[PDB]
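I have placed the structure first, in the form of structure tokens, so that the comments after it can refer back to it.
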Amino acid sequence: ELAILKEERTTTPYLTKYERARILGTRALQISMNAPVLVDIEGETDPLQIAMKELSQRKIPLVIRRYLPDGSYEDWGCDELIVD
Amino acid sequence: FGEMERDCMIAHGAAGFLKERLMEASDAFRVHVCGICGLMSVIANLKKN
Amino acid sequence: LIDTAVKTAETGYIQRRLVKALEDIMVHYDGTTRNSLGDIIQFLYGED
Amino acid sequence: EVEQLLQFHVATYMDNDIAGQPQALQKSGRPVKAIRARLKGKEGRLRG
DNA sequence: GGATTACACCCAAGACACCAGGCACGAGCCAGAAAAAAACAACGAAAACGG
RNA sequence: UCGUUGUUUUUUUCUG
Ligand SMILES: [Zn+2]
């Protein structure tokens, strides 16, 4: 009802800056409090650096739920959004 | 954290920062409400749960 | 000096009124520009 | 007179800036702090 | 020309627009700092004094 | 023996 099927998803496919910041904050918070790390780490200790490194690889298990003005919403997986 | 600062923070769209800066770094609080009348008259005794 | 002293306050008041007028307009995903109620102001922000 | 007096204190305790009528005061002479006065103004709750 | 059908019309009654005064509000930037000041009149007890 | 609290109210002269 409220959800929109994957085939007719119309919103912009790119990743808005605000989505970028929210995703980075959430991931860093999760990692920084004993969460699994989906990608290898070489020498970087900061959770937030780890977060951007993970994003750059498109390896984030987060689904953005975009609310349209009416109330209907569509969902995008972070794996499928074109990041600048 | 005057009004104009609130508006500037909105401008950048830093929602969560604004939320916490007005709750956590300031007078936060917790309450209880009744889901029927929607008032704040609940008589809560935590140690008596 | 008097001119600056008077002008600052009135400009500040105008600023406050403007901000408290347009503080809820938000560019929605559809490309429309709607205030809190969902009323549409512009069908495309700046028409571009 | 007594019931009008009671009405007067009730009204003042609810608001102390009624137009065209004198203003309730403390023995200090300072006007009272009615709830409406508390809420309004920059110092009030909303803006304070 | 009295009688007879035909009607002219108008004027007081009543509904309404509105009305310009008056009459109220009611507002009049931001953050920060320091020192300096803040009720009392009368009353009946109750220790007080010389009688 | 952790714990451990410090006024309001106005007015004033100032700072950017
Ligand atoms: Zn209830």
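Following the order of the structure tokens, first chain is A, next is B, and so on, with residues numbered from 1 inside each chain and ligands from 1 in the order they appear.
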
### Message
To check your reading of the model: which residues sit at most 8 Å from ligand 1 when counting only C-alpha atoms (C1' of nucleotides) and all ligand atoms? Write the answer as a count of residues only.
### Response
9

#### Entry: Contact residues around residue B:17 with only C-alpha atoms (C1' of nucleotides) at 12 Å, ignoring same-chain residues under 5 positions, as a ChimeraX atom specification
/A:21-22,25 /B:6,9-10,12,22-25

Just-selected residues, N, CA and C atoms written as an mmCIF file, in the first residue's frame:
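What follows is the written file part.cif:
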```cif
data_model
loop_
_atom_site.group_PDB
_atom_site.id
_atom_site.type_symbol
_atom_site.label_atom_id
_atom_site.label_comp_id
_atom_site.auth_asym_id
_atom_site.auth_seq_id
_atom_site.Cartn_x
_atom_site.Cartn_y
_atom_site.Cartn_z
ATOM 1 N N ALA A 21 25.303 11.958 4.915
ATOM 2 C CA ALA A 21 25.676 12.242 6.294
ATOM 3 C C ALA A 21 24.973 11.301 7.258
ATOM 4 N N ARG A 22 23.676 11.079 7.061
ATOM 5 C CA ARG A 22 22.958 10.198 7.970
ATOM 6 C C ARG A 22 23.544 8.798 7.934
ATOM 7 N N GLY A 25 26.947 8.710 9.716
ATOM 8 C CA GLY A 25 26.804 8.769 11.158
ATOM 9 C C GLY A 25 26.307 7.460 11.731
ATOM 10 N N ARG B 6 19.369 28.651 15.929
ATOM 11 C CA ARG B 6 18.495 27.552 15.550
ATOM 12 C C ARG B 6 18.209 27.594 14.059
ATOM 13 N N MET B 9 21.258 26.532 12.046
ATOM 14 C CA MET B 9 21.395 25.084 12.075
ATOM 15 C C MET B 9 20.403 24.411 11.148
ATOM 16 N N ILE B 10 19.153 24.864 11.142
ATOM 17 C CA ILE B 10 18.206 24.344 10.165
ATOM 18 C C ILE B 10 18.744 24.526 8.757
ATOM 19 N N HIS B 12 21.657 24.488 7.358
ATOM 20 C CA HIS B 12 22.497 23.372 6.951
ATOM 21 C C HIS B 12 21.750 22.050 6.999
ATOM 22 N N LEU B 22 19.444 20.499 21.915
ATOM 23 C CA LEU B 22 18.355 21.079 22.685
ATOM 24 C C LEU B 22 17.732 20.092 23.659
ATOM 25 N N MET B 23 18.180 18.841 23.666
ATOM 26 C CA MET B 23 17.740 17.868 24.650
ATOM 27 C C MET B 23 18.886 17.407 25.542
ATOM 28 N N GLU B 24 19.947 16.864 24.954
ATOM 29 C CA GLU B 24 20.982 16.195 25.726
ATOM 30 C C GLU B 24 21.938 17.181 26.378
ATOM 31 N N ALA B 25 22.402 18.163 25.630
ATOM 32 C CA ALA B 25 23.265 19.189 26.192
ATOM 33 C C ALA B 25 22.500 20.237 26.938
#
```

Using only C-alpha atoms (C1' of nucleotides), I'd like a table of the residues in chain B that come within 12 Å of chain E; for each, show the closest atom pair and its distance in Å rounded to one decimal, ordered by chain and ascending number, as a tab-separated table.
```
residue	atom	partner	partner_atom	distance
B:1	CA	E:31	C1'	9.4
B:2	CA	E:31	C1'	8.2
B:3	CA	E:30	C1'	9.4
B:4	CA	E:30	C1'	8.3
B:5	CA	E:30	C1'	10.2
```

#### Entry: Contacts of residue C:11 within 9 Å, only C-alpha atoms (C1' of nucleotides), excl. fewer than 5 positions in-chain, as a ChimeraX atom specification
/C:6,16 /E:29

### Query
DSSP says strand (DSSP E or B) for which residues of chain A? Put them as a ChimeraX atom specification?
/A:14,63-67,73-77,82

Restricting the output to N, CA and C atoms, write the selected residues as a compact mmCIF listing (two decimals), in the first residue's frame.
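What follows is the written file result_23.txt:
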```txt
# COMPACT_ATOMS: atom_id res chain seq x y z
N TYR A 14 20.61 8.98 -7.44
CA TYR A 14 21.82 9.40 -6.76
C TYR A 14 21.59 9.43 -5.25
N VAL A 63 19.11 0.43 4.23
CA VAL A 63 18.08 0.72 3.24
C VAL A 63 17.46 2.05 3.62
N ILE A 64 17.56 3.02 2.73
CA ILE A 64 16.98 4.34 2.94
C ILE A 64 15.51 4.28 2.59
N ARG A 65 14.67 4.76 3.49
CA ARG A 65 13.23 4.80 3.28
C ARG A 65 12.84 6.25 3.02
N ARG A 66 12.48 6.55 1.78
CA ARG A 66 12.15 7.91 1.39
C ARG A 66 10.64 8.11 1.47
N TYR A 67 10.21 9.09 2.25
CA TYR A 67 8.79 9.38 2.43
C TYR A 67 8.38 10.44 1.43
N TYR A 73 5.69 5.83 0.50
CA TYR A 73 7.14 5.79 0.61
C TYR A 73 7.70 4.72 -0.31
N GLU A 74 8.95 4.91 -0.70
CA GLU A 74 9.71 3.91 -1.43
C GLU A 74 11.03 3.69 -0.70
N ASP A 75 11.63 2.53 -0.93
CA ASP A 75 12.84 2.13 -0.22
C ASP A 75 13.95 1.83 -1.21
N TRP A 76 15.16 2.29 -0.89
CA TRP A 76 16.34 2.04 -1.70
C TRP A 76 17.41 1.39 -0.84
N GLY A 77 18.07 0.38 -1.39
CA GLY A 77 19.22 -0.19 -0.73
C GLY A 77 20.47 0.63 -0.99
N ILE A 82 23.73 5.52 -6.64
CA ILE A 82 24.93 6.06 -7.25
C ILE A 82 25.49 7.16 -6.37
```

### Task
Return the neighbours of chain D among the residues of chain E, cut-off 12 Å, counting only C-alpha atoms (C1' of nucleotides), as a PyMOL selection string.
chain E and resi 23-27+29+38-40

Atoms kept (C-alpha atoms (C1' of nucleotides)) for selection, written as a PDB file, in the first residue's frame:
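Dumped everything to out-v6.pdb:
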```pdb
ATOM      1  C1'  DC E  23     -10.972  52.031  20.197  1.00  0.00           C
ATOM      2  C1'  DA E  24      -8.809  49.254  21.479  1.00  0.00           C
ATOM      3  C1'  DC E  25      -4.212  46.131  20.710  1.00  0.00           C
ATOM      4  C1'  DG E  26       0.559  45.777  20.077  1.00  0.00           C
ATOM      5  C1'  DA E  27       4.469  45.077  18.160  1.00  0.00           C
ATOM      6  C1'  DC E  29      17.316  42.939  16.761  1.00  0.00           C
ATOM      7  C1'  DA E  38      15.851  44.811  47.707  1.00  0.00           C
ATOM      8  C1'  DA E  39       7.860  46.430  53.035  1.00  0.00           C
ATOM      9  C1'  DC E  40       6.059  47.950  57.562  1.00  0.00           C
TER      10       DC E  40
END
```

### Task
Counting only C-alpha atoms, collect the residues of chain A whose closest atom lies at most 9 Å from chain C, and write them out as a PyMOL selection string.
chain A and resi 10-12+66-70

### Task
Write out as a ChimeraX atom specification all residues of chain C that DSSP puts in helix (DSSP H, G or I) for this structure's backbone.
/C:2-21,45-47

### Task
Residues of chain C near chain E: apply a cut-off of 7 Å, count only C-alpha atoms (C1' of nucleotides), and supply the list as a ChimeraX atom specification.
/C:8-10,12-13

### Task
Please indicate the distance in Å from atom CA of residue A:28 to atom CA of residue A:51, rounded to one decimal place.
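Separation of atom CA of residue A:28 and atom CA of residue A:51: 5.4 Å.
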